[PDB]
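Student: got a structure for you, letters missing:
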């Protein structure tokens, strides 16, 4: 039908009109009685996630006019007594908590002394809502209301305020852990034949859980050692133990996006040991490649520190990728090679000088192809697609193409192609050696050019 | 004509003395003066004489302080637990208006005023001008509140209950005895959940028991329904309770008042499943009127 | 009409 | 102090319980109505497909064929031993068996569909009930391939 949504938004606009009407007359308890009625509409199970989201956005807009009314009313000396207590008299828990959270942030602003206790209270009393959809949106409303008022390090020096960065990190890590619990629980609610509908429904809601991680990175007082010890340890504990491929894949990629590259360099072996634990249905390849691509962009960014010499990227990634692949039960051969591509790409952008590294990936790729008792690989196969893209990166990216001919293990990978791809690839390299002019070729590299011609004609 | 005389009572401390309210039938709210066990009641009985020229022949005027318990609105079933008399005038006449002083010294008021379904307990002053066939009578109502102090023993309620191999829970309320503007701080901890729970709520229930022995009538009224959970828990989950009793304006617990009636309060915890079946556990709590410092 | 089951102590 | 923020202290929820699947899974589908017999013998059977994770049910998945009389027998057994107020069945429609009606009688599709929903309605209520799950008749009905009416009611 989809009427339900409009009928609800209709009713919301009715009650929010009578709400502001009372806020003009200064009839606060009459205003809150309509605000409660409005909030009533969020109790529904009948809406889907997209519909509910729309209704939430409507009701969140109206709640802001109330919130700002109270904030100013309190700021002008005329502070309502027992207002925190009074909104809790509400019979239904959903109106009660949205009002409690609204009234909470007004109290934190207006009474800095009670900040720690109120924040700690608001996250705790949300345990009331165990229903995945409604609870997620409540716990999101908690997060967005509190955005500007959470403790930090760049704060006004008012020595009557309470709570520090430690309390901010507990506050969000707790809200995170509860929201991820609700969002994973959504997997098992409802009838068993709507599995594809649920995973679609969960996917739409993934941003709500992810917002917790985003909020943690917006904390100025989250330095690297706090990230190491508290924040990432916190996040990873939920990620490995949720045992849910959808959540694991989202949250790991969400980590990479949200936190800075400085933090990633100090947490690579922790992060990649977590990758090796993830549920088999998780695309681990995508997580690792996403990380490598972000550290590649970090290398080429000037007016920035670059990659310290103690952080041996290549040795870390080569060794972990091989361990992560070892952890998979049936990773495609094309995917294993998609990783060898990014290992090269990492070594190219992080250590252009060190050609020995580029050859070690290629040497390792040979060992991989050799280890796999491989039947002849067609050009139509995905493995061949990747091995082509792998070999094309040194050729496309280096300044002097002579330097590619100096690689010892570049050519031995041509063995495993099709007859069609040898002819195509041999041509492609030799083509580039003419398109940019040739200098006199050294002894090892004279040998290379004839080896390329031999595969082209035969 | 009208009435020949009108009786009006005016307490000596009728300006400064605090009043209190009483919820009667159909939502009406009366306001009478507030008194406490031990206080003296004193004032003036003022007789307005209305018919000038006429005379009022009486066989004596008195004033009574009365505290009594009325059951089922049955006049034959009224029971006076306190009665004090002050004779104001001997048999005689009244040609004009006149006042009379009265004082009842340090008056015992053992019970708190209460208006229920099948019970009323009220205190009043009753002035009676006795006449040959029909007495002129004027009642004048008062509220008495019974106060108490913080209790010696106050243990938290904590209890593991359930349905075998279906639902096990542990609920805990922070006290057994709560004052009238107190707060139920509690928690529900889930140990085993093999049913599908839609929601959970705490209810406040007020039982009013009347009669003696086998003669027993209980009038129940569900004062609060307070949602505390929305959705299915799993084991290991804790749900917080914070229920402000100030919101519902209840009476104190009143146990065997004059061996005639009780008024008791209960915390009825109720979980409701997906097919609307309703699992509950009742727990009596004592309410008590706290004495404010002074 | 709506079933009401008392929770027993363990 | 400006706000009463009192709660009792809680025990952290163990992460297996928190994330691992809930232990109240129980769905029963009534489906696939089919005629069995020819002529005067004919009656409709339905597929009663169960999926669960409750320990009391001796198979996590089961599928059996049931007749509307079987549903009446289940309800009748539960009315005797169980002391559960049992929900209503969608109803014996006797006059549908009478001949030369303006519909297909007992095998009308608007009938069989509406009955089918009522049986699903009924069995999910009954099977979800706690006191009902103890009684042997419910398991007999859902998970034995044929019902043994000459039985001694246990549990």
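Tutor: Thanks, I have the structure now. Numbers count the residues shown, from 1 in each chain, chains lettered A, B, ... in the order given.
Student: quick one, what contacts residue A:373?
Tutor: Going by Cβ atoms under 8 Å, 6 or more residues apart in numbering or on different chains, residue A:373 touches no other residue. The way it works is simple: take the backbone N, C-alpha and C, and place the C-beta from them, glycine included.
Student: Now do the contacts for the residue nearest to the spatial centre of chain D.
Tutor: The centroid of chain D falls nearest to residue D:123 when counting by Cα atoms, centre = their mean (2.1 Å). By Cβ under 8 Å, 6+ apart, the residues touching residue D:123 are D:28, D:30, D:48, D:71, D:142.
Student: Can you classify residue B:229 as helix, strand or coil?
Tutor: strand (DSSP: H, G, I helix; E, B strand; the rest coil).
Student: what are the bridge partners for the residue nearest to it when sequence neighbours are not counted, then?
Tutor: Distances taken as Cβ to Cβ, 6 or more residues apart in numbering or on different chains put residue B:200 closest to residue B:229, at 3.8 Å, once the chain neighbours are dropped. On the basis of DSSP bridges, residue B:200 is bridged to residue B:229, residue B:271.
Student: Just give me the neighbour total for residue D:65.
Tutor: When neighbours are defined as other Cβ atoms under 10 Å in any protein chain shown, residue D:65 has 14 of them.
Student: And the one 4 residues further on, by the same measure?
Tutor: Residue crowding around residue D:69 was assessed by other Cβ under 10 Å; the count is 12.
Student: Spatially nearest residue to it, not counting backbone neighbours?
Tutor: Closest to residue D:69 by Cβ to Cβ, 6+ apart is residue D:43, at 8.0 Å.
Student: residue nearest the centroid of chain C?
Tutor: Nearest residue to the geometric centre of chain C (Cα atoms, centre = their mean): residue C:5, 1.6 Å.
Student: measure the nearest residue to that residue once chain neighbours are set aside to residue A:216 for me?
Tutor: Counting by Cβ to Cβ, 6+ apart, residue C:5 lies nearest to residue B:279, which is 5.1 Å off, once chain neighbours are set aside. Distance of residue B:279 to residue A:216, given as Cβ to Cβ, to the nearest Å: 40 Å.
Student: next one: residue B:256
Tutor: As for residue B:256, its distance to residue A:216 is 60 Å (criterion: Cβ to Cβ).
Student: Those two: who's more crowded?
Tutor: Using other Cβ under 10 Å as the criterion, residue B:256 and residue A:216 rank with residue A:216 on top: 25 against 9.
Student: thinking the more buried one is in contact with residue A:226, fair?
Tutor: No - under the criterion of Cβ atoms under 8 Å, residue A:216 makes no contact with residue A:226, lying 9.7 Å away.
Student: before we move on, the earlier item: and the residue nearest to the centre of chain C, what does it touch?
Tutor: By Cβ under 8 Å, 6+ apart, the residues touching residue C:5 are B:163, B:277-280, D:130-131.
Student: cool, and residue D:117?
Tutor: If you count contacts by Cβ under 8 Å, 6+ apart, residue D:117 has them with D:30, D:90.
Student: Give me the distance between it and chain A.
Tutor: 15 Å (Cβ to the nearest Cβ, to the nearest Å).
Student: likewise residue D:128?
Tutor: Look at residue D:128 and chain A: by Cβ to the nearest Cβ, they are 14 Å apart.
Student: just residue B:283 next, same as before
Tutor: 20 Å.
Student: before we move on, what about residue B:219?
Tutor: For residue B:219 relative to chain A (Cβ to the nearest Cβ), the value is 23 Å.
Student: same check, this time on residue B:62
Tutor: Counting by Cβ to the nearest Cβ, the separation of residue B:62 from chain A is 48 Å.
Student: Let me know whether that residue touches residue B:125 as I believe.
Tutor: No - using Cβ under 8 Å, residue B:62 is not in contact with residue B:125, being 10.9 Å away.
Student: So for these two, which residue has more residues nearby?
Tutor: Per other Cβ under 10 Å, whichever of residue B:62 and residue B:125 has more neighbours is residue B:125, with 22 against 17.
Student: and the helix or strand in which that one is found, how far from the chain's centre?
Tutor: Using DSSP states H and E, residue B:125 sits within strand B:119-129. The chain centroid and the centroid of strand B:119-129 are separated by 16 Å, computed with Cα atoms, centre = their mean, to the nearest Å.
Student: show me what contacts the nearest residue to residue B:119 once chain neighbours are set aside?
Tutor: Take residue B:119 and drop its neighbours on the chain: the residue closest to it by Cβ to Cβ, 6+ apart is residue B:261, 4.7 Å away. By Cβ under 8 Å, 6+ apart, the residues touching residue B:261 are B:69, B:71, B:116, B:118-119, B:208-211, B:254.
Student: Number of residues surrounding residue D:63?
Tutor: Neighbours of residue D:63 (other Cβ under 10 Å): 16.
Student: out of everything not next to it in sequence, what's closest to it?
Tutor: Residue D:63's closest residue in space is residue D:49 (Cβ to Cβ, 6+ apart), at 4.8 Å.
Student: quick one: which helix or strand includes the residue in chain D that chain C sits nearest to?
Tutor: Chain C sits closest to residue D:85 of chain D, with a gap of 6.0 Å, by Cβ to the nearest Cβ. Residue D:85 is part of no helix or strand when elements are defined by DSSP H and E.
Student: cool, and residue B:266?
Tutor: Assigned by DSSP H and E, residue B:266 belongs to strand B:261-273.
Student: need the next SSE after that strand, C-terminal direction.
Tutor: strand B:278-288.
Student: For that following strand, could you pull out the residues that count as buried?
Tutor: Under the neighbour-count criterion of 16 or more other Cβ atoms under 10 Å in any protein chain shown, strand B:278-288 has B:279-281, B:283, B:285-288 buried.
Student: any idea of the angle that strand forms with strand B:261-273?
Tutor: Per axes from the mean of the first three to the mean of the last three Cα atoms, to 10 degrees, the angle that strand B:278-288 makes with strand B:261-273 is 150 degrees.
Student: Quick one: residues in contact with strand B:278-288.
Tutor: With Cβ under 8 Å, 6+ apart as the test, strand B:278-288 has contacts from B:148, B:151, B:157, B:159, B:161, B:163, B:167, B:171, B:173, B:175-180, B:184, B:205, B:245, B:250-253, B:264-273, C:2-7.
Student: repeat for stretch A:60-73
Tutor: A:12, A:16, A:19-20, A:23, A:31, A:35, A:38, A:79-80, A:83, A:98, A:102-103, A:105-106, A:109-110, A:141, A:144-145.
Student: If we use 10 Å, what do you get?
Tutor: Residues outside stretch A:60-73 that contact it (Cβ atoms under 10 Å, 6 or more residues apart in numbering or on different chains): A:12-13, A:15-17, A:19-20, A:23-24, A:26, A:28, A:31-32, A:34-35, A:38-39, A:42, A:78-80, A:83, A:98-99, A:101-103, A:105-107, A:109-110, A:137, A:140-141, A:144-145.
Student: ok, residue A:72 - how many residues close by?
Tutor: Neighbour number of residue A:72 under other Cβ under 10 Å is 11.
Student: If you could redo that for residue A:38, that was the one I meant.
Tutor: Neighbour number of residue A:38 under other Cβ under 10 Å is 25.
Student: Am I right that it is in contact with residue A:102?
Tutor: No - assessed by Cβ atoms under 10 Å, residue A:38 is found out of contact with residue A:102, at 11.8 Å.
Student: that older thread, contacts with chain D among the contacts of stretch A:60-73, please.
Tutor: Among the contacts of stretch A:60-73, proximity to chain D is found for A:79, A:83, A:103, A:107, A:110 (Cβ under 10 Å from any Cβ of the partner chain).
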